[PDB]
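The chain that follows stands alone, in the form solved without its partner chain, written as structure tokens.
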């Protein structure tokens, strides 16, 4: 009963590394494969062996040990965390919905749309929407006038997010103007956004709270500050996604609860998520 499990890279939850040519993953890593295309024309491709580590990987290792299952971990190839595009789910959520994976482990945010098509374990990392700015910049949260009336400033307040995730969904579904203003500043990824902030090319980066709290905690030079958005309606957590009606949610939940109660979760948080910047 080898379980097919999908994941996605997003430090410090999931970190990917090339395997050692001379061909096994060691230390705190585990095997993870990815289907890579031969070219940009056809569907042809081959699965490439890589190695994975991180907070979520350690959670997977513990679940494997405790629930007593073995697994075949693979990386998503189309999309990221999960979005319904042209009426079809992609990313980690898609792999679970279309039964390619029994579970999805990673920095996967629990939200209403996703819960309609997949079942989630209890949350194990708290998150929501946060705002990151250069240390010194003053903002109260997303209700700040700088965000409500960006054009009332010279130059217009510059803020954006990484599209296609739960953060964009929460803005697009409720505040049309803010969303369409923001697309002007879409960021390709977290690292891109951080550079834009520290060099003064971007005023604020709106993104997942867990990741922003982590990044601000160990920024080189501690030049970044993260503050809550105030969008409490968006407060949620990361959860392991399973097939709708999955018979494993019960056992996965019991394990997570066991880890929380025994202090094992506490130890993992200390190992991977602590910060140093005040």
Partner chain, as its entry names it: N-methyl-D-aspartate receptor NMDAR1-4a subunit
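By rigid core we mean the largest C-alpha set that fits within 1.5 Å across both forms. Numbering follows the first chain given and starts at 1.
There is also a form solved in complex with its partner chain; it is not shown, and the following applies to it.
- Of the candidates 227, 210, 216, 234, 234 is the one whose heavy atoms come within 4.5 Å of its partner chain in the deposited complex; the others do not.
- The chain is drawn here without its partner chain; in the deposited complex, the stretch among 62-70, 45-53, 234-242, 216-224 whose residues come within 4.5 Å of it by any heavy atom is 234-242.
- Taken together, the three residues 13, 18 and 75 all stay farther than 4.5 Å from its partner chain in the deposited complex, as judged by their closest heavy atom.
- In the deposited complex, residue 187 stays away from its partner chain, with no heavy atom inside 4.5 Å.
- Although the partner is absent here, residue 174 is a contact residue: one of its heavy atoms lies within 4.5 angstroms of its partner chain in the deposited complex.
- Among residues of the shown chain, residue 164 is not one whose heavy atoms approach its partner chain to within 4.5 Å in the deposited complex.
- With a 4.5 Å cutoff on heavy atoms, residue 23 does not count as touching its partner chain in the deposited complex; it lies far away.
- Taking a 4.5 Å heavy atom cutoff to its partner chain in the deposited complex, the contacting residues in 80-114 are 110, 111, 112.
- Shown in the overlay between the shown form and the other one, fitted on the rigid core, is a CA shift at residue 116 smaller than 2 Å.
- Once the rigid core is overlaid between the shown form and the other one, residue 98 does not reach a Cα shift of 2 Å, moving by less than that.
- With the core superposed, residue 154 shows a C-alpha displacement of at least 2 Å between the shown form and the other one.
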